[PDB]
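Beneath this line is the structure, given in structure tokens, with notes to follow.
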Amino acid sequence: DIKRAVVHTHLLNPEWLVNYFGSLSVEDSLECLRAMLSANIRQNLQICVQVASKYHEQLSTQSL
Amino acid sequence: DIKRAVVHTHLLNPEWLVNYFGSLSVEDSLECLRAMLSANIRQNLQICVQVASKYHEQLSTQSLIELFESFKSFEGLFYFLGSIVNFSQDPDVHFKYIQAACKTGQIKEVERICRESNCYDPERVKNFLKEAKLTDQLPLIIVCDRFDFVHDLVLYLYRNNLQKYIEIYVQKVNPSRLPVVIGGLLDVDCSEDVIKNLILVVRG
Amino acid sequence: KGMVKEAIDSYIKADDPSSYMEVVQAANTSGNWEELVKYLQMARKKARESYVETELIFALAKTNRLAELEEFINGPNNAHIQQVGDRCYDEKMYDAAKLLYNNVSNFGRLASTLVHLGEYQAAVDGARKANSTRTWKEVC
């Protein structure tokens, strides 16, 4: 369970996190996003979309 | 009726008001706060808590927290008692801070106090946990083995569901209590293939 | 004065669950396991405790209200089974630990009571899932 960025998102610099997920996403960021959106608070909301404008260009999955 | 700061709070410098209430509170600021919270607008809301982090140190009255939790206490008590878990030894303050953490998901700030605090009754707590079902159960499996009452926890975990709970418990939390948990699983007679598969997990 | 029967109606009109510990201290002093049932049944809705439910199932088994003793447990009991299950065989009120340990799966203690029950077919079915020395030998 590496996925606990839901709490750090209120404090962590999202810029380098976008690249943390641009890397290490061997079919994995889907599940972390699923966890973040299981706690889709208005604070941690748009960050799910800021990342989203990177991976669509390679895989705009219908699962997403 | 000196109490009309509810309207000035939208305009008045709260700093010197904090000291206006640090003085002149001969059992009086309770009623003024009761009036402010009778009009607990989002604007005049946190100011009720900024004052609150001064008078607790002399009198953390249960009347205060009663009139507090009488309302929603969306995150009011979490911010109030977020600074009072330290410098306290009461069971009720810890328990009700934890219960306030159930109102907005801040369980990550609860798992810390289950370890830090050691001056509370976890029995009423874990009962409430199974009543107010945590929904991401993951402190009870920390505070319970912190207090070694696992003989029924293992059973409750098998009863509701077991996808990660025992696995992530022995993996992350404390692998030192695996075989006792297997003793529990064999008391309840879980499937042996599950045990052969579970033991393959790495240890600490 | 020990008016345990009369100390109850002085709480029915109040619904005050407090001091129930002393109510229990006087309850075992005189078998009255029918009206404590009502006291605890309604005080259930006032103090979500565990003593209430434990002593409740104890009184139920005392008055052998099995049809609903088995139903209360199937809900959110939040009680302490195997502590009154101790009282089942300590007082030897069988056909009770049969139901307490059933949904709790304590294979090894139920069979000690099924010794005195008389059933043997399901006793060994409890033992095969126990596979303990005590269980097997006592069933034998």
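Residue numbering restarts at 1 in every chain; chains get A, B, ... in the order shown in the structure tokens, and ligands count up from 1 in that same order.
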
Using only C-alpha atoms, find which residues of chain A lie within 12 Å of chain B and jot them down as a ChimeraX atom specification. /A:1-2,4-8,10,35,38-41

Excluding residue 45 of chain A and residues on its chain fewer than 6 positions from it, collect all residues at most 10 Å away from it, counting only C-alpha atoms, and give them as a count of residues only. 4

Could you tell me which residues of chain B sit within 9 Å of chain C when counting only C-alpha atoms, and give me the result as a count of residues only? 10

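Atom pair atom CA of residue 27 of chain C / atom CA of residue 99 of chain C has a distance of 23.7 Å (rounded to one decimal).
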
What's the 9 Å shell around residue 68 of chain B, counting only C-alpha atoms, without same-chain residues fewer than 6 positions away, as a PyMOL selection string? chain B and resi 34+37+76-77

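The space between atom CA of residue 83 of chain B and atom CA of residue 144 of chain B spans 24.5 Å.
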
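Put simply, atom CA of residue 75 of chain C is 11.4 Å away from atom CA of residue 53 of chain C.
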
Residues within 12 Å of residue 116 of chain B, please, as a list in words. Count only C-alpha atoms; anything in the same chain fewer than 2 positions from it doesn't count. residues 85, 86, 87, 88, 89, 94, 109, 110, 111, 112, 113, 114, 118, 119, 120, 142, 143 and 146 of chain B

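Near residue 55 of chain A, within 12 Å and counting only C-alpha atoms, sit residues 18, 19, 21, 22, 23, 25, 26, 27, 29, 30, 48, 49, 50, 51, 52, 53, 57, 58, 59, 60, 61 and 64 of chain A, not including residues fewer than 2 positions from it in the same chain.
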